[PDB]
Every structure is written in structure tokens, then in C-alpha cells.
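Peer 1: got a sequence here, can you model it:
(one chain, ligands or ions: 8)
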Amino acid sequence: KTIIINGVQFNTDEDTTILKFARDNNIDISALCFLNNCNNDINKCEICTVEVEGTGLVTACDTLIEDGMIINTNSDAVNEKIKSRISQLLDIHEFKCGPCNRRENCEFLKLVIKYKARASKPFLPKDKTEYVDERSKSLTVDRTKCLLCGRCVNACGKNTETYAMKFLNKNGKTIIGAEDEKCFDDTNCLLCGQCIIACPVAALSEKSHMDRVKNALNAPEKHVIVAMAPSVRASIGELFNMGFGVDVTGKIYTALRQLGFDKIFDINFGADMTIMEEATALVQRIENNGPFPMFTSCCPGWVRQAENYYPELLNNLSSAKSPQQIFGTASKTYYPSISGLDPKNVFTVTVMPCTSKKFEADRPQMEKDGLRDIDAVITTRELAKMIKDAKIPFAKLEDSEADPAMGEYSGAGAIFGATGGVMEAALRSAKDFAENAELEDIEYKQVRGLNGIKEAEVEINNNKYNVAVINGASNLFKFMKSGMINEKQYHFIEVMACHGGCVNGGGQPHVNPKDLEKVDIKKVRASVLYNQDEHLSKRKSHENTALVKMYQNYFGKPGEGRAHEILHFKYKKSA
Ligand code: 402
Ligand code: SF4
Ligand code: SF4
Ligand code: SF4
Ligand code: SF4
Ligand code: FES
Ligand SMILES: [Mg+2]
Ligand SMILES: [Mg+2]
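Peer 2: Numbers count the residues shown, from 1 in each chain. Ligands and ions are numbered 1, 2, ... in the order given. Let me share the structure:
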């Protein structure tokens, strides 16, 4: 094929779109509604408009290149078309970037600046209450910012296949939202926040917990613990112009101390706990020849998916609490026993790459004697915002260490944030538990990677067992519906709602689609975790000294008695 673009001749054999071919050859073509290899089929944004000689104006993002095409990407007609579309978007957009949470990384603002577009008449809604939905424990909608680009709908479709995010006809105009415009929590929505990640503007956000945290910090009698998820140390640096794949653990500890948190712990400790319980439970099921399979339960998105689509699997879920909740429980029980603090004055805050964690933390039964396991959950973005608001020079901070009591962790706990990490850690402990030995080779590279469905045959003590890692909610649906679950007998199955694992969580920093083309964000974020695992002395959860001390001195033997009674949570289906 011979393609003429802006007077430049190309000879190619590729069968692709104008947009992709142009961007492969460093030709600038703007785009908005195009993301995840699809656009808004109904109301195309037409920001990707180009001029094809003989045909007229076309959308580059969904138009294949053809031999003889003469394309102009920067003609006056094209620019006036694009500018017109952007102006029409501005007509329904509250253009107040000042207090906006996407001010520093908004795509729409970049487009407005680029094409110098102005609204025909500024959209200044006086009461935004009709435009805002904050009923959810995880997600919030601000339709004064919504461009109706459909990116959240497509992302929900491709990531979860639930289509919990839909186009709706409200009042006679189109909005996006949950089924029947209900609160997302009350639908089949997983609260995974992939829709947020896909959003180019501030229309979709996480349910803020920053005020809980601030009020707790400023409350004289409250002792505020903070603990960050595995993924946070591999991600937040992005929001401080430090680049991708940068380990910023120590800087985070320092920043948290400067924020005024009273205790600095780590969720990876909780991960080691979860492994302590779950590996024990797995060995128990192995020696009892059942029941099989056992599913992980640490992902609240997956838990909600099971609740809403496969309740019969609820009794197959591990009873071990997630690292977050198990850490919280221990923070309300064990921690006061080694600190002298009044448990009621303890306020436990987690930092998560996840929006669903907010819902998990606010589950009614996630408490004991009137004390919440977790009192607040802030996302990576929220923590970054809190750091910036405090004018803390994050990139220049010196490394500090976490408080040891519930802050030490192994590499096994460290790799939790990546798909297949929980599986690998769990196997590392379970083999040692079952064989009553301390094995050398602990790396299970078969369960790693971005493959949607991963399988492995592991040999434990005498026999062989089948494990599966489900990478993404849509892949859970595929795994179940295709009957892959019935092809063989599975014994242990990991499920993560977000493809790539928690490193690609709904509470993670937004990334420019261009940088998304430049960088494999999932592998790069996971690389930090695996690198931490490689260079750590202890690489098994049961080799965690602080954790071993905690079990020996307080909880006793895992998987039973005190440990089972306090550190476990069971989901029950309804009759
Ligand atoms: N609880 C918990 Fe987890 C741990 O440890 C996080 O904190 Fe994850 C991450 N990163 C998130 O959110 S949840 C799913 N299990 C894998 S990792
Ligand atoms: S969504 Fe973007 S363009 Fe709209 S107010 Fe916020 S920063 Fe400005
Ligand atoms: S919420 Fe965001 S992603 Fe969804 S249609 Fe509106 S602007 Fe697009
Ligand atoms: S939170 Fe997840 S399941 Fe719910 S609408 Fe958004 S992408 Fe879909
Ligand atoms: S994979 Fe991780 S970030 Fe995504 S919903 Fe599950 S726990 Fe949250
Ligand atoms: S980016 Fe092509 S129609 Fe929206
Ligand atoms: Mg299309
Ligand atoms: Mg305080």
C-alpha cells in the first residue's frame, strides 16, 4: 500500500488504522474517546478527525489505511472540526481546573489548550447535587466533568465483562452510571475502579477518605497507624515526576512520618499473616483430601464477583482475612498488647492501589467489640494529594525505616501486588509446612506474567496438585463459563479482579495513553516488587521474625483456635 500523509509518502504492508499508522511514524493525531483499542461507537468524539482526499473528513481511530490514500491531519477544515467538537464539549463542562483533582494530568484540558477552544457559553451549574453521586463507599461520579466519551463503559466491559457501567437515559439526556442509576454498591459492580482509571477527566473518582484521616490525625486522643499496600511503593513516585518503576519505599515512610502519622507499619506484614493462615489451611485441606478447590479471598473485587455471580463458590473461599483486614484486626488486638495503647484510641489507616478496599473496610461485620478492623482507606492518588497539599518534597526525601512490630515483611509478602504473587508466596509457605522442611528453590515463574489464565502443576510432599491464577475478572468469567474449572481438579486458585494484579488497581495513578504506549505499566510496576523479593533476606512469610514473635506471644498456632477465631472471615450465601 502507498499512503500519503501530509505530503509524505509511505510504503507499508500493515493492515491498521490511520491513527495507529500515523503514531507509529511520529505523526501527531489527537484522540479522546479511543482507548483500549476501541472508541465510542455511538457518539464518536471525532477528536481524531483527519482529511482523506476524495472522501472528506473521517475518524482516524477506526478507519483502516488503504492504498492511494492522501491524508491531511492538520488542514484548516480538520482543525476547525476538532476545535468545534472540543468547544461543544466545553459547553457541557464545568471548566474550573483550580480545585479540580485532575488539574495536573487532565487529557481534556490538554486538548483545550492545544486547540485553543472556548465554550459557546460556559457551563456553570449552580447546584451540582443533581450531577454528583457519592452514595458509593468506593466510587464517586461528577457529571459536570463527564464528556460522555464512553471510555469507562468500554473499560468496564473489557476488564470485568459485567458492564456495571452503562449509558443511561436520564430526564431525556444521556448520562453514565450503574443499572437503573442505583448506587454502584447495590448492583453487580465489583467496585474495582477500572472505569476511573479509564476516565480522561475528573468525572469519575474514588470515594474520599482523606477527611477521616485528617480528623483522626488532628484528634488529640487518636493514635493513628498507617500501612501501605505492596503496590504503593512501586507506583506513587509516578505522581511526583520520578518516572516509572521507581522503588520509593523509604521516601514513603519518611513522608508518612512528616504527615503526622503516629505509627508507620506495612500491609506486607499483613500479607505475611494472610499467607501464614492460608498456607496452613491449604495444608489442612491437602491432608484431609479436601475440600477442593480453595480460592483466595484477599481481593474484594473478586469477592464481590463471587457474591454477585458465583455464590456457590463463597464456601470455597479461604476464611483467612485479606492482608488489609487481618492487619487491622491485629492492630486492634495484638498491637495494644505490645504498646499499652487503648484499642479504642487506635485509628488504623491503609494506603491502597484499590477502590474496592474502601468497601471491604466498611463491611459491617469487619469489626470486633465495636472496633473497626480498618477505620480509613486512602488510595495512592489520595496519599499523593495529601503529600502535595502538605508541601512535602517527596522526591528529595531521605529514606527512613518502618516501625518493626508490624512493619517487617518477606519477599513473599512483597510480591502480593502482582498477579500470581499471592499464589507464589502461598506455595512457598505451604511446601515447607507440608514437607516439614526448608526448601531452597522458592521461585514459581509459571504463575507469573500477564497471561489472563495461568496454570501450574506443583508437587507437594508426596503428591501432585493443580493450581490456577486468574488474572482479571473477565478472565474469571472466561475460566468459569468455558468449563476450564472442570477440565481438571484444581486445589488452589488465585483470583484478582484487576488484570496485572493490584499494581493495576483502580486507585493507582492515571497514565497518559501515550506513556501507556511507551511503557508496560503492569510489568514495570510489578518489577519493583519482584526486585524487592530477590534482594530480601527472608523470602518466606513464616520467616518473618516480627510475625513469628506475634504468633508465638499472642495468637498462638495459625489456622486454629485464637488465630482462626480472630483473624478469619467467612462469606455466606443466602438461602
Ligand atoms: N489487602 C490486601 Fe493486598 C496485600 O498485601 C493489597 O494491599 Fe492488593 C496490593 N498491592 C490491593 O489493594 S489486595 C489482593 N491481594 C494482592 S495485594
Ligand atoms: S476535568 Fe480537566 S478540564 Fe475539567 S475542570 Fe478538571 S482539570 Fe479542568
Ligand atoms: S465518566 Fe469519564 S470515561 Fe466515563 S463517559 Fe464520562 S468522561 Fe468518559
Ligand atoms: S468499578 Fe469495576 S465493575 Fe464497577 S463499573 Fe467500574 S469498571 Fe465496572
Ligand atoms: S486486584 Fe487488587 S486493586 Fe484490583 S480490585 Fe482486587 S484487591 Fe483491589
Ligand atoms: S478518538 Fe476517534 S472518534 Fe473519538
Ligand atoms: Mg469503534
Ligand atoms: Mg494526631
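
Peer 1: can you classify residue 202 by secondary structure?
Peer 2: coil (DSSP: H, G, I helix; E, B strand; the rest coil).

Peer 1: for it, list the residues it contacts.
Peer 2: Counting by Cβ atoms under 8 Å, 6 or more residues apart in numbering, residue 202 touches 100, 101, 102, 106, 142, 145. No exception for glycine: its C-beta is placed from N, CA and C like everyone else's.

Peer 1: rerun that using 6 Å as the cut-off
Peer 2: With contact taken as Cβ atoms under 6 Å, 6 or more residues apart in numbering, residue 202 is in contact with 100, 101, 102, 145.

Peer 1: of these, closest to residue 236?
Peer 2: residue 101 (15.4 Å; Cβ to Cβ).

Peer 1: spatially nearest residue to the closest one (excluding sequence neighbours)?
Peer 2: Closest residue to residue 101 apart from its sequence neighbours, by Cβ to Cβ, 6 or more residues apart in numbering: residue 202 at 5.4 Å.

Peer 1: and the residue of the stretch 151-300 of the chain found nearest ligand 5, how close does it get to residue 219?
Peer 2: Closest residue of the stretch 151-300 of the chain to ligand 5, Cβ to the nearest ligand atom: residue 299 (3.4 Å). Applying Cβ to Cβ, to the nearest Å, the value for residue 299 to residue 219 is 32 Å.

Peer 1: who's more crowded, these two?
Peer 2: residue 299 (29 against 12; other Cβ atoms under 10 Å).

Peer 1: all helices of the stretch 101-250 of the chain, in order?
Peer 2: 107-115, 151-160, 194-198, 210-218, 249-259 (DSSP state H, counting those that start in this stretch).

Peer 1: and if you look at the stretch 301-450 of the chain?
Peer 2: 323-337, 356-361, 380-389, 411-414, 421-435.

Peer 1: which of those sits most buried?
Peer 2: helix 411-414 (a mean of 30; mean count of other Cβ atoms under 10 Å).

Peer 1: quick one: contacts of the longest helix along the chain?
Peer 2: Longest helix in the chain, counting residues (DSSP state H): helix 267-287. Contact with helix 267-287 is made by 227, 229-230, 294, 318, 320, 323, 326-327, 406, 409-410, 413-414, 416, 425-426, 429-430, 433-434, 492, 541, 544, 547, 558-559, 567, as judged by Cβ under 6 Å, 6+ apart.

Peer 1: and stretch 125-145, by the same measure?
Peer 2: Taking Cβ under 6 Å, 6+ apart as the rule, stretch 125-145 contacts 94, 175, 183-185, 191, 201-203, 205, 207, 355-356, 358-359, 362.

Peer 1: try 8 Å
Peer 2: By Cβ under 8 Å, 6+ apart, stretch 125-145 touches 93-94, 100, 102, 123, 175-177, 183-185, 189, 191, 193, 195-196, 201-208, 355-356, 358-359, 362.

Peer 1: tell me how far the ends of it are from each other?
Peer 2: End-to-end span of stretch 125-145 (Cα to Cα, to the nearest Å): 11 Å.

Peer 1: cool, stretch 2-20 as well?
Peer 2: Span of stretch 2-20 from end to end, Cα to Cα: 16 Å.

Peer 1: how far off centre is it?
Peer 2: Averaging C-alpha positions (Cα atoms, centre = their mean, to the nearest Å) puts stretch 2-20 37 Å from its chain's average.

Peer 1: same question for that stretch: list its buried residues.
Peer 2: 3, 5, 10, 17, 18, 19, 20 (16 or more other Cβ atoms under 10 Å).

Peer 1: sitting in strands, which of these do you find?
Peer 2: Among these, the members found in strands (DSSP state E) are 3, 5, 10.

Peer 1: isn't the first one up against residue 10?
Peer 2: Yes. Proximity of residue 3 to residue 10 meets the contact threshold set by Cβ atoms under 8 Å, at 4.5 Å.

Peer 1: now do the contacts for residue 206.
Peer 2: By Cβ under 8 Å, 6+ apart, the neighbours of residue 206 are 138, 139, 140, 193, 196, 355, 358, 379, 381, 382, 506, 507.

Peer 1: try residue 4
Peer 2: Contacts of residue 4 (Cβ under 8 Å, 6+ apart): 10, 53, 69, 70, 71.

Peer 1: can you pull up the bridge partners for it?
Peer 2: On the basis of DSSP bridges, residue 4 is bridged to residue 9, residue 70.

Peer 1: against residue 93, how distant is it?
Peer 2: 36 Å.

Peer 1: residue 67 is in contact with residue 2, isn't it?
Peer 2: Yes. Residue 67 is in contact with residue 2 according to Cβ under 8 Å; the separation is 5.7 Å.

Peer 1: how about the residues of the chain that lie near ligand 4?
Peer 2: Residues of the chain that fall close to ligand 4, judged by Cβ under 6 Å from any ligand atom: 139, 155-156, 159-160, 162, 164-165, 184, 189-195.

Peer 1: near ligand 1, which residues of the stretch 201-350 of the chain?
Peer 2: Going by Cβ under 6 Å from any ligand atom, the residues of the stretch 201-350 of the chain near ligand 1 are 229, 230, 231, 267, 268, 270, 271, 298, 299, 322, 323, 324.

Peer 1: out of the residues you listed, which is nearest to ligand 7?
Peer 2: Relative to ligand 7, the closest of those is residue 299; by Cβ to the ion it sits at 30.7 Å.

Peer 1: rewinding a little: so which bits of the longest helix of the chain are buried?
Peer 2: Neighbour counts over helix 267-287 (16+ other Cβ under 10 Å) mark 267-283, 285-286 as buried.
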